[PDB]
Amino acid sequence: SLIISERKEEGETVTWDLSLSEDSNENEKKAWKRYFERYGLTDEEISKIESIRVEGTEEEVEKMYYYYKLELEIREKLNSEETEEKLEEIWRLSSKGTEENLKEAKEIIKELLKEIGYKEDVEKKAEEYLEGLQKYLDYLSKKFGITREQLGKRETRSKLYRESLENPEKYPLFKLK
């Protein structure tokens, strides 16, 4: 499953390290890998990532945690290129940030959540997903000095991930093994 593997409480912000637990089944591990494989990293580079670090207030990072929990469950149970593409479009729409863009993203995430069994709870689970994605985009924009809308470009995410592998001091997005 997705766990919080480390917490740093420094001043006005908190940083949570998010990663997979040791008892993660093979479908969760494969999903973890595909979150990154689709964005320019080799298998050997991905195998070096122990966790993803998120930063903000306690309320902000908790929101990010629940977005990542749902992202992983979607990827695990609906593993498919069609799913990856819908998830990319939610990210694209959400980085643009307009009201109609987020309404369209909400409809996409709702169909995915229903497909994994969140039916009676789809509305609240969609809000949880989208709120946490929005805080996560806000965190990447502020932390690494990237226009939020630019984050919706595939080339921006590849660049960011690759810089975080290479220079994990100037780009502390990952904990490396």
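Sequential numbering from 1, following the sequence displayed.
Residue stretch of maximal mean CA temperature factor, 125 to 133 vs 35 to 43: Of 35 to 43 and 125 to 133, the stretch with the higher C-alpha B-factor average is 35 to 43.
Average Cα temperature factor in the PDB entry - higher stretch of 99 to 107, 67 to 75: Between 99 to 107 and 67 to 75, it is 99 to 107 that shows the higher mean C-alpha B-factor.
Chain-relative CA temperature factor third for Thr83: Tercile = middle for this residue's CA B-factor.
Cα B factor band for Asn27 (lowest, middle or highest third within the chain): According to the entry, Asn27 has a C-alpha B-factor in the chain's highest third.
Among modelled residues of the same chain, the CA temperature factor third for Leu173: Middle third by C-alpha B-factor.
Third assignment of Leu165 from its chain's C-alpha B-factors: Top third by C-alpha B-factor.
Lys48, C-alpha B-factor rank within chain (lowest, middle or highest third): Highest third, going by the recorded CA B-factors of the chain.
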